[PDB]
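Notes to accompany the following structure.
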Amino acid sequence: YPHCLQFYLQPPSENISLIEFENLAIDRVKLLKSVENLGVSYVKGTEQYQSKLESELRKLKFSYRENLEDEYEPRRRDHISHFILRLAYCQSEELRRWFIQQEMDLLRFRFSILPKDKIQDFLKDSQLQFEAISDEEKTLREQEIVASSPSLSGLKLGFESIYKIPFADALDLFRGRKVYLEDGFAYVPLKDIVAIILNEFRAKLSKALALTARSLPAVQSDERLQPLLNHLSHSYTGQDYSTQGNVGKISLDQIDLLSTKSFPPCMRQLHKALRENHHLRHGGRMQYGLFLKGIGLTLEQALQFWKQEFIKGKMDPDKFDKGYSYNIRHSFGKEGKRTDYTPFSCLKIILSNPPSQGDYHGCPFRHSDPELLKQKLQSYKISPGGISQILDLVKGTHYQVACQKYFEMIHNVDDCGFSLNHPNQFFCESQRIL
Amino acid sequence: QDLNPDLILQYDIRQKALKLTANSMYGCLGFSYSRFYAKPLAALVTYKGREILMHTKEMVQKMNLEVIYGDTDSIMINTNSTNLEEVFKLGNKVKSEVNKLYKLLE
Ligand code: SF4
């Protein structure tokens, strides 16, 4: 581990515990998902993006300038975590494309982190040769570089470093006659340098991921890594943390106002459907019941609420008892865990059991068409421009970010200060707004 | 139409025989039991088959349905619909799109 950035082409050969193995896998999955969501929400170059992702790195300790702390733990964490993601992600072309997008975002940000003094030794450590030119050479060949340069306006050849490269390394660059050539050597600004290195890095990663895809069947024989490595990205929440066992004071009568002021669109419309129908299908019923369990409602409050609502449902109260009260108590109590003991996370809500005719569960952004999304947004009184970028985000299949933007719009705020993954987190933050 | 039913049965038998002979084409190449045992060639064919079936899996996930079971010889697809004709035309559209994605697959 000689430098912070590193190109990942030498797999580690150390020995680590299972707990550290899972910690690295989950931490790097969280980092890449955060990179995806932040890059979707913001522009890739803004200081807000830079500082927010720096804070994400600091809370996940994945990169920093060399010191006593950096040498042992963080860069090694980066190494093994990246390779276990290689194993997780080499399954499919779609996952490979996703991983490549996020790792290019990560590597470009990290390169922007590195100060200009250390980029020379980084390229030297990169094992592929590139020679920076001297100031005298730059001054002598400035006119040639400007004359042969791309549409960059003016003669200004600023502080940006210029390197010497074999011509075969920049084929697509020079083949447009937008660079000067000297004895088979090119001279290039920093933006095109990083473009070249990222293209080469994507080529090497594509080949390596294909090779690991050829190596998956042998390495999947293990039983303690199959159920994880099948689903690091597909169906794992990034520490949603809205686990059962929370506390709070909720008044049963206030449920309507709390639904219209603090519920994510899916749960809001589910509660309205319950109020207007006094009956739900299995999926929506279980979803809303365990959500109400999560928000802090106690067992007696939940039972009384559901019984009262089925009073308007017109079935026998003893039938209610025998049929459902067992199910609600089981959800609040004993095992059957991870399906009835837990509050549903957003990634689960979107990927599991899409609603059908007569169903109202499921995230509406992913499970209903844009015209009905627009109708619902009009019914919820959001500005037409806000609805416009909501639909733009829906076209970009970033449903969680769309829900985020809906949250700031309904709360009349700018940034929620997080990235939502759990409806109970949505509700907790809305209560934090008071 | 307007053909002798016996000849129709003969045509059906010939078509089914062609189907099974095709299906066994890969059989004759990958087995230590065979004359032409080609470990690398068989591995490449199986890798491509797994890749294409799995790609079909995620993309049919994209087209807003759900898959529940498939191993290189059948794909189980849930519909979330109760109209048989709608389900059939959904199958037809996914068949057509997968046929234009991969030319010779039937
Ligand atoms: S993003 Fe999650 S919380 Fe928001 S509406 Fe969709 S499923 Fe509900």
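All residue numbers given for chain A refer to Swiss-Prot; the residues shown span 22-455 in order.
According to its header, the structure was obtained by electron microscopy, 4.1 Å.
Quick reminder: no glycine exception, Cβ is built from N, Cα and C everywhere.
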Annotated companion of A:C287, A:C367, A:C424 at the [4Fe-4S] cluster site, Swiss-Prot, chosen from A:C384, A:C449: A:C384
Cβ contacts of A:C384 ([4Fe-4S] cluster binding site) (under 8 Å, same chain, 6 or more positions away): A:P286, A:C287, A:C367, A:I370, A:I371, A:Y420, A:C424
Counts by DSSP class (helix H/G/I, strand E/B, coil) across the region 'Interdomain linker' (A:253-270): 0 helix, 0 strand, 18 coil
Densest Cβ neighbourhood among A:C287, A:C367, A:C424 (binding-site residues), 10 Å radius: A:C287
Non-site residues, in chain order, whose CB comes within 8 A of the mean position of the CB atoms of A:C287, A:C367, A:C384, A:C424 at [4Fe-4S] cluster: A:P285, A:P286, A:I370, A:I371, A:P385, A:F386, A:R387, A:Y420, A:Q421, A:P444
Secondary structure at A:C367 ([4Fe-4S] cluster binding site), reduced by DSSP to three states: helix
